[PDB]
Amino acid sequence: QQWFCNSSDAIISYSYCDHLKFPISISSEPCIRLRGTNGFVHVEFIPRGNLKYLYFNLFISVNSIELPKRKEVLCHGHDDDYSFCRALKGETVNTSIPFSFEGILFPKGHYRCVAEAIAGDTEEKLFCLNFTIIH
């Protein structure tokens, strides 16, 4: 199975990884454009662990060429910006976050990005997401 949308310049699909198949109906509105978009990624799930201390492992792969591991902090534990950080294991999370992609001048045909949400506190996998961005 998979889930996708078509931009006027890119098609983004995603499905759960090959081992961590924990739920999340993630989305976006409007569908992201490779070259600049202002919008809202919409989240709706039920976390297996406390979200305070959330961060992401972003393993990108452009044109079938793996990039360096990139860690992305979402919640620090002290007065986070997003409302969801305060969310507890088992809690229902239904929120929509605003973002601002600047835009790649000359973006190439094939993109890949796998995400692992990690509970910073207990180093435990929270969910895994596998994305594909085609031009």
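Each form is matched to the other, and the largest set of C-alpha atoms that superpose within 1.5 Å is called the rigid core. In case it trips you up, residue 1 is the first one in the sequence shown, and so on.
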Which of 45-53 and 104-112 strays further in 5 other deposited structures of this protein - Cα RMS after rigid core alignment: 104-112
Comparing 95-103 and 77-85 where Cα RMS over structures and residues is taken in 5 other deposited structures of this protein (core fit), larger one: 95-103
Residue stretch of maximal mean CA temperature factor, 44-52 vs 104-112: 104-112
Stretch with the greater mean C-alpha B-factor as recorded in the entry, comparing 87-95 against 68-76: 68-76
Residue, from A119, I24, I12, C17, that the PDB entry assigns the highest Cα B-factor: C17
Record-listed C-alpha B factor of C128: chain third: middle
Chain-wide C-alpha B factor ranking for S61, given as lowest, middle or highest third: middle
